[PDB]
């Protein structure tokens, strides 16, 4: 399979259970602060393999977590920390997620760093213990049976690009992809240009413009395409001043302030957006004062904003969540509310009401600001932030790299990442501007830009192309 780095203080006796067919049972014995004692019971062929213990038990006892035979571990989430002011970090908290969606303990915010051994199937463990757990890794085996077959392509680029940024917005119109807004240094919007990408040329340039050009250059902005006209909302500049709701006729190349701030929906940034041929949707994100959970629709024909039913407590205010129209319905996926979140919800237009949905099977650990597109009955997501940065949107935070698709018709998540092929899978990133797109006659996901794990920026253009079977 694949050994994953054990994560924790590198003090202690290293242990390695090796790799098995699957995991039958997990044993966790708590320490006084963190984790004392682990043990695993595995299965290999027709053989139950009871494993050695690692660390020593405490007066607390040891809790068991049995994994059904029709069932396996998709990830282990945890918290490492240097406590006692003791020379080494130790592992302080663990949660187990099961393919069937069993979960051992609900994740909680504990100080220290979060880590996660992720991806499709945990088939064994290894770590380092000194009479208590000090670090932990595991072995993951990516499942070979990838339902939504497809590959990752690093699109080449030529012109005057939007280059290196994140917290910007992209949309497709015809065979051209448009970009707008964004940040390069922490919290500093770059320009007001509307960059455009000719697919057949694979080349960039600044679009020409007319009319009501956006009043402020900004970041945390969103935009979606309807027909050949682009629609743009929110964002902020350096001075926490907000943009209203504009549009851009691409055949006409003219801007248009469709509704002013202070007229339409609450001015905000790092909201989410989508469109369905008839309305343009705006969800959540951060207002001047609070995160939001509200959603507003704007009919193009009726040229007018409608305020949708409010979800209340069921669905906590959030930003950096994914929003796609999966079918006839709006989908809210994951996001951030002080904690990173792995909620899933749909809003039904016809009824004007919200529904929560349980989801299962090799699901992503909770995360924000990821790349997302809806294609078919699927939502596809890549990367994202799996833990906020202490210093704000200022610092990198912790950023990951999985590729996942939600099947809205079965509620099975799958990880589109393969062992098997050779392809240019994007490196761990977040705050990407992402969209659904057709390129060289394949629909799929268009990742662009984003924050690096090292607080750098990216400029890459990435495409998960869904091969032809569809």
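Residue numbers count along the first chain shown, from 1.
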348-356 versus 202-210 - which carries the larger mean C-alpha B factor in the record: 202-210
Stretch with the greater mean C-alpha B-factor as recorded in the entry, comparing 281-289 against 126-134: 126-134
Largest Cα B-factor, entry values, listed residues 251, 398, 167, 141: 251
Top Cα B factor in the deposited entry, candidates 299, 368, 269, 187: 299
Residue 325 - Cα temperature factor, lowest/middle/highest third of chain: middle
For residue 94, the third of its chain into which the C-alpha B factor falls: middle
Third of the chain's Cα B-factor distribution that residue 179 belongs to, per the entry: middle
Residue 27 by Cα B-factor - lowest, middle or highest third of the modelled chain: middle
Third of the chain's Cα B-factor distribution that residue 58 belongs to, per the entry: highest
